[PDB]
Amino acid sequence: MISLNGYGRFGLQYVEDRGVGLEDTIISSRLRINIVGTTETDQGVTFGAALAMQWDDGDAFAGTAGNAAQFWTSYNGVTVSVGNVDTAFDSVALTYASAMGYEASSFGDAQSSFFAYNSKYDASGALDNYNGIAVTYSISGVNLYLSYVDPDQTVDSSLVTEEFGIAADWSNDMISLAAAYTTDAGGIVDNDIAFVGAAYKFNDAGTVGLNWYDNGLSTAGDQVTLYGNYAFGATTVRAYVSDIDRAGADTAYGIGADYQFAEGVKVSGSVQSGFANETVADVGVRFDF
Amino acid sequence: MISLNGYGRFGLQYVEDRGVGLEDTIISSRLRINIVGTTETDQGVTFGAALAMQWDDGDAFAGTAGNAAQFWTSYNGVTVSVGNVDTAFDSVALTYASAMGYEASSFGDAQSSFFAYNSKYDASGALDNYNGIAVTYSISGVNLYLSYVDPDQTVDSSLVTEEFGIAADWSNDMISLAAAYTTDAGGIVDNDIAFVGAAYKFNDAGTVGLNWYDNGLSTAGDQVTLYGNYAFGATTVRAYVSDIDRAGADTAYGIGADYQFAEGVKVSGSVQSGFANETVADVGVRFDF
Amino acid sequence: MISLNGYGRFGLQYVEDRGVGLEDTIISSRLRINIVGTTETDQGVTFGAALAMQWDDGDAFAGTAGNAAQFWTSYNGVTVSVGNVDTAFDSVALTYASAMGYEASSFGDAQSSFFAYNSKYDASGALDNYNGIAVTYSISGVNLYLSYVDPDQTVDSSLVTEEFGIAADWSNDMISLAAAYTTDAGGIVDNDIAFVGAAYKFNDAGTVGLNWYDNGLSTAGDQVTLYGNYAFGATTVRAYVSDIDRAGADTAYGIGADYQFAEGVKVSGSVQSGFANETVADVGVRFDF
Ligand SMILES: CCCCCCCCOCCOCCOCCOCCO
Ligand SMILES: CCCCCCCCOCCOCCOCCOCCO
Ligand SMILES: CCCCCCCCOCCOCCOCCOCCO
Ligand SMILES: CCCCCCCCOCCOCCOCCOCCO
Ligand SMILES: CCCCCCCCOCCOCCOCCOCCO
Ligand SMILES: CCCCCCCCOCCOCCOCCOCCO
Ligand SMILES: CCCCCCCCOCCOCCOCCOCCO
Ligand SMILES: CCCCCCCCOCCOCCOCCOCCO
Ligand SMILES: CCCCCCCCOCCOCCOCCOCCO
């Protein structure tokens, strides 16, 4: 069985003083298509393979290709995946909760380097023999994530640095907790990174949360993000502040709104200020299909 | 929702004295696949994204990729599209009416340079930041087309030449009229091009038409194409003559036939003579799926 | 009509002393997706086009593209195909019968060079104007195969070497026979190769066969492969020995098993020894979807 799903997104992307002789405002857009093949068995074991084909404005050669395959096996709530895997630090809950705008960005996101699913090919050739193994599992309302990423599996292992990550999250109906930890993240030796986050649903309509991170060898240092959102019908308002230890950094912040036009259609915008005083703004749509 | 459609075509392509040590006759063939994702809303607004994957004999690396995305929004007969758009000069009716053979070619087609939907990637990198906006609408039996193409939207606009085009066509059951006009076509400054055409369905089986063009800065000069077709059951006969102002040019002409073998299957051939006395012939099939 | 099918495979691939500073054991995996468009007619003629998108671990740029199109026409048991065709030497029965392991390999396979369907693009550019014509037909339980492959159809034919192949196989319920012959195989002048094979189903569960080959200009010389398999429920045991004329070559051999876990799911392994004493082992899964 083969199924196809994905999403399109387009709108305006403003970056104050982008560059000498550059336009600050552009039309940014993304097409994402996923090809999924699955084999269900009567034994209860499911086999799967996924490929992504992603295009973004500005991409080299005005063309689209697929990425590197991901394969998995699922049985009784346990999923083992091989190849281009989702990593633990990139999959836990709460870590991307401050993202806003139609491009889902936030300076409140972790300012570290770590491996994550690769959406596209990489012309530099660095991903050619990259191969990860991942394992996910769910006890009660607990989600467990584990991932092992080998940047070049053909080369003797004593010569390459492997990335290892673990994460768990948990949620009842009002509190959410999450934590992750990865060593040698992004294959950078000694770049050990951590995350702890918690959220409180103080209503059917509002939630506040707080994320803390150890950014490893990044120049950002430790970081804290405080965010909150509130829904008024089909409209959601979101905001966040974030600080990093880097001397002289500014406080980053953002304010945005989401409007659920229809099932599968979402109009979003935001105005954000980064740690180096960058001003960024956006407004556009996402539709899922 | 994701749907796939497209077509295959193959047959013989003859070019008299193609080149020293080249074969005049080859097997030319094309595979075109379109991936379309759509999101229908109960509000009446439809969202869409399309990608094309096209392969042609002789293509570099013996491979296929997708092109650059096209996105659109439709509401009440109005469609706005962004990215790799169809342009006004390329979409009006009647402008390609003389095309024949299984490759749908004609020297009677406009001999100018103008932007059009890009089927494939471009290795030269010229299309990397190309971005168009297009708008179509239909009053009675009137079709209105408008398009704005920015060859490099990241660069300050005072440095790049944008293409702007408008077109309309109209048809009752016997007369057809169409006109288009585009300035700085193909991003060439001062290359303003125009088209006017008209057709007369003098029967259920026969039609005659005439197309005139201002080819802008091309060396062809103004051009006139006179064509006609006539259907005998599943068989269609077509012919056209065309002249350009270029001194010493020959009159171009073509004669071909189409045979509708089955729904979705069409066998075509033609013999054409160009403006520089080139002799070209073809015979093959197209099937849609 | 467009349909999608394919398969995923993953597991461990061991090559004794692969290379200085290389890992002998890797995770090898393959994702194959086929896109097939067909047009059925009421006349009985079917038109088809196929494209493949294949990714393998270690592939350049960590990406996937499609290959070169294949087109065909089928009528009354006769199929003519154009472009990236299956060749006669690569399609006859019995020639790959000794293949085992989850990667379906065998040193008992023919050690010659010959054209075959191209799965992927080729960066070297050698396949750019490659074009084959193929014809298959089936009398009783007879299968007839014919193929003509032109490595560069744009160039004058007196300058290029074309590959021509024929094959037939036949089977009742217990004996199988097959033979093939191709001249200038792989476009190498004078590299004429041949194959004869026969198999005996000495049970519902067991089969023994023997394949002989003239490897043309290869350094292997003539070759003989003797193989056998036997099924015990969902488990299949397979083995083969193979010899080549090359002086000092070793006898190659392999032993493996296949376990049919479920419809569409197959777990395989093997231990093989090549003609130069190479030791290779594998274990993994294949699932079809
Ligand atoms: C500002 C640089 C020049 C680009 C022209 C800006 C014109 C804006 O777009 C007009 C046509 O519509 C498409 C743009 O996508 C963004 C629209 O807002 C998203 C839906 O709420
Ligand atoms: C990103 C999708 C893959 C498409 C990119 C292929 C890149 C090919 O170019 C690599 C650079 O070398 C130049 C190639 O020669 C011409 C390419 O093909 C011609 C028709 O579009
Ligand atoms: C300056 C060039 C144009 C690009 C900028 C578009 C940025 C537009 O503003 C972003 C949206 O601001 C969100 C407001 O926060 C309040 C939310 O509730 C109000 C509307 O539903
Ligand atoms: C002329 C150069 C060498 C190529 C051989 C020409 C042989 C013609 O094709 C024979 C096999 O069939 C496939 C060709 O596609 C064209 C057939 O006509 C189209 C359907 O009406
Ligand atoms: C046109 C479809 C895209 C496929 C073209 C990829 C072009 C890659 O080559 C660019 C030129 O540089 C050489 C690349 O190194 C080898 C490529 O991949 C090997 C297996 O086929
Ligand atoms: C010379 C190498 C072969 C390639 C050339 C094939 C060209 C064949 O002729 C094209 C078809 O000619 C069309 C004829 O116009 C009359 C139409 O009605 C008659 C048949 O239905
Ligand atoms: C040996 C080099 C380092 C690679 C680690 C080997 C660990 C083996 O895999 C553990 C995780 O599972 C995925 C591997 O695919 C092969 C499993 O066997 C196939 C099914 O029978
Ligand atoms: C194999 C699938 C096709 C993808 C390969 C495209 C190969 C492009 O590189 C050719 C070598 O030249 C370097 C290209 O410049 C950067 C590429 O695109 C950037 C984003 O991934
Ligand atoms: C040495 C690193 C690991 C990689 C090697 C895996 C190789 C494993 O063995 C292959 C399977 O051997 C097949 C045995 O033949 C007997 C068949 O019946 C028994 C089991 O069903």
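Residues numbered from 1 in each chain as written, not as in the entry; some residues may be left out. Chains lettered and ligands numbered in written order. Heavy atoms only, no water.

For this entry, the PDB record names X-ray crystallography as the structure determination method and reports a resolution of 2.3 Å.

Colleague: It is not clear to me how the layout of surface pockets should be interpreted in this structure. Could you clarify?
Modeller: Residues and elements named next belong to chain B. One number sums up the size of the largest pocket: a volume of about 750 Å³. Around the largest pocket sit 24 residues that line it, and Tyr7, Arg9, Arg30, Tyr96 and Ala104 are the ones nearest its centre. When residues of the lining of the largest pocket are traced back to their parent elements, those giving at least two are β1 (2-15), β2 (25-40) and β15 (265-273). Broken down by class, the residue content of the lining of the largest pocket amounts to nine nonpolar, five polar and ten charged. (1 Å grid on protein atoms, 1.4 Å probe; cavity = no way out; pocket = protein on both sides within 12 Å on 5 of 7 lines; lining within 4 Å. Points joined across faces, edges and corners; volume = space filled by probe spheres on them. Helix = DSSP H or I, 4+ residues; strand = E, 2+ residues; numbered from the N terminus. Nonpolar A, V, L, I, M, F, W, Y, C, P; charged D, E, K, R; others polar.)

Colleague: In this structure, what is going on with the site of ligand 9? I would like to understand it.
Modeller: All names here are of chain C. All residues in the neighbourhood of ligand 9 are listed as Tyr14, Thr25, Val237, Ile255, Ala257, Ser270, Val271, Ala281, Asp282 and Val283. Burial of ligand 9 by the protein chains amounts to 50% of its free accessible area of 610 Å². Looking at the shell around ligand 9 residue by residue, the class counts come to seven nonpolar, two polar and one charged. (Near = heavy atom within 4 Å. Areas by Shrake-Rupley, 256 points an atom, 1.4 Å probe, with all protein chains shown as cover.)

Colleague: Honestly, unusual backbone geometry in this entry has me stumped. Any pointers?
Modeller: Across the chain, the bulk of peptide bonds are trans and the bulk of non-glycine residues have phi less than zero. Here the phi dihedral of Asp190(A) falls at roughly 85°; this positive angle occurs in a residue that is not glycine. Relative to the helices and strands, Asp190(A) resides in the loop between β9 (175-183) and β10 (193-201). By relative accessible area, which is 57% here, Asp190(A) ends up exposed. The backbone of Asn277(C) sits at a positive phi, close to 70°, despite the residue not being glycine. Of note, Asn277(C) is situated in the loop between β15 (265-273) and β16 (279-288). (Buried < 20%, exposed > 50% of the residue type's maximum accessible area, 1.4 Å probe, protein only.)

Colleague: What am I meant to see in the interface of chain C and chain A here?
Modeller: It is common to report an interface's size as the accessible area lost on association of the parts. Counting from both sides, the interface comprises 34 residues of chain C and, opposite them, 37 residues of chain A. Summed over both partners, the interface of chain C with chain A comes to about 2,700 Å²; 68% of that surface belongs to carbon and sulfur atoms. A per-residue breakdown of the area chain C buries against chain A is headed by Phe61(C), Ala62(C) and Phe289(C), which together make up 20% of the total. On the surface where chain C and chain A come into contact, there are twelve residue pairs in polar contact. (Contact = heavy atoms within 4.5 Å. Buried area = accessible area lost by both parts, 1.4 Å probe. Polar contact = N/O pair within 3.5 Å; in protein donor to acceptor, adjacent residues only side chain to side chain.)

Colleague: When you look at the side chain of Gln13(B) in this model, what are you seeing that I'm missing?
Modeller: As for its position among the elements, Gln13(B) is in strand β1. The contacts of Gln13(B), once residues within four sequence positions are left out, are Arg18(B), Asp24(B), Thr25(B), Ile26(B), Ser28(B), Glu103(B) and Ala281(B).

Colleague: Please explain the relation of the copies chain C and chain A as it appears in this structure.
Modeller: Superposition of the two copies of the chain requires a rotation about an axis and a shift along the axis. Overlaying chain C with chain A gives an RMSD of 0.0 Å, the required rotation being 120° about an axis along which the chain moves by 0.0 Å. In short, the pair behaves as if placed about a three-fold rotation axis. Using C-alpha coordinates, one finds that chain C approaches the rotation axis most closely at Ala65(C), a distance of 3.2 Å. (Least-squares fit on C-alpha atoms.)

Colleague: Whenever I open this one, the relation of the copies chain B and chain A confuses me. Can you help?
Modeller: Laying chain B over chain A is done by rotating through 120° and shifting 0.0 Å along the axis; what remains is an RMSD of 0.0 Å. When the interface residues of chain B are mapped onto chain A, a mere 3% of them are again interface residues, pointing to distinct binding faces.

Colleague: I'm lost on the packing of aromatic side chains in this one. Help?
Modeller: Aromatic ring pairs are described here by two measures, namely the spacing of the ring centres and the angle between the planes. Following the criterion strictly, the structure yields 39 aromatic pairs over all chains and no others. On the basis of an interplanar angle of 50° and a centroid distance of 6.0 Å, the ring pair of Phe10(A) and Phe71(B) is categorised as tilted. On the criterion of chain membership, the pair formed by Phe10(A) in strand β1 (residues 2-15) and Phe71(B) in strand β4 (residues 70-75) is interchain, its members lying in two chains. Residues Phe10(A) and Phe71(B) agree in their burial class; the two are buried. An aromatic cluster is present here, built from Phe10(A), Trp55(A), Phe261(A), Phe287(A), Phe289(A), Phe47(B) and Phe71(B) joined pairwise through their rings. Seen from the ring of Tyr7(A), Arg286(A) lies directly overhead, with NZ or CZ sitting 3.8 Å from the centre. (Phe/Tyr/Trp six-rings, centres within 6.5 Å; stacked < 30°, edge-to-face > 60°. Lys NZ or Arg CZ within 6 Å of the ring centre and 35° of its normal.)

Colleague: Sorry if this is basic, but what is going on with the interface of chain B and chain A here?
Modeller: Counting from both sides, the interface comprises 37 residues of chain B and, opposite them, 34 residues of chain A. When chain B packs against chain A, the two sides together hide about 2,700 Å² of surface, and 68% of this comes from carbon and sulfur. Between the two partners, chain B and chain A, sit zero salt bridges. Across the chain B-chain A interface, the total number found is twelve residue pairs in polar contact. (Salt bridge = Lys/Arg side-chain N within 4 Å of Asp/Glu carboxyl O.)

Colleague: Help me out: how do you make sense of the environment of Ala276(A) in this one?
Modeller: Residue and element names in this part refer to chain A. Its location among the elements puts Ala276 in the loop between β15 (265-273) and β16 (279-288). On the accessibility criterion, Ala276 (54% relative accessible area) is exposed. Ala276 sits 27 residues away from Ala249 along the chain, and the two C-alpha atoms are 6.0 Å apart.

Colleague: Just checking my understanding: could you explain the pairing of strand β6 (residues 131-137) of chain A for this structure?
Modeller: Look at any regular strand and the pattern is simple: side chains alternate between the two faces of the sheet. Residue and element names in this part refer to chain A. For strand β5 (residues 78-83) and β6, the ladder comprises five bridges, and the chain directions are antiparallel. Each bridged residue has a counterpart across the sheet, and for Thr79 the counterpart in β6 is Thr136. Direction of pairing for β6 relative to strand β7 (residues 142-150): antiparallel, over a ladder of seven bridges. Bridge pairing in β7 places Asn131 opposite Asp150. (Pairing = 2+ DSSP bridges.)

Colleague: Explain the site of ligand 1 to me, please; I cannot follow it from the model alone.
Modeller: The environment of ligand 1 is formed by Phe10(A), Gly11(A), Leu12(A), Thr25(A), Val267(A), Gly284(A), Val285(A) and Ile133(B). Flanking ligand 1 are residues from chains A and B. Considered on its own, ligand 1 offers 590 Å² of accessible surface; in the complex 56% of this is hidden by protein. It is β1(A) that contributes the most residues to the shell around ligand 1, three residues altogether. When its residues are assigned to classes, the shell around ligand 1 shows five nonpolar, three polar and no charged.

Colleague: I'm lost on the pattern of salt bridges in this one. Help?
Modeller: Summed over the entire model, instances satisfying the criterion amount to 15 salt bridges over all chains. A salt bridge links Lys120(C) to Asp56(C); its shortest N-O distance comes to 2.6 Å. With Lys120(C) in the loop between α1 (88-91) and β6 (131-137) and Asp56(C) in strand β3 (residues 46-56), this residue pair connects regions lying 64 residues apart in the sequence. Taking the shortest distance from any N to any O, the salt bridge between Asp59(C) and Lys120(C) comes out at 2.6 Å. Of this pair, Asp59(C) sits in the loop between β3 and β4 (70-75) while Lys120(C) sits in the loop between α1 and β6; the two residues are 61 residues apart in sequence, bridging distant segments of the chain. A single burial state applies to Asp59(C) and to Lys120(C), both of which are buried. Through salt bridges with shared partners, a single ionic network connects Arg30(A), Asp56(A), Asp59(A) and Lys120(A).

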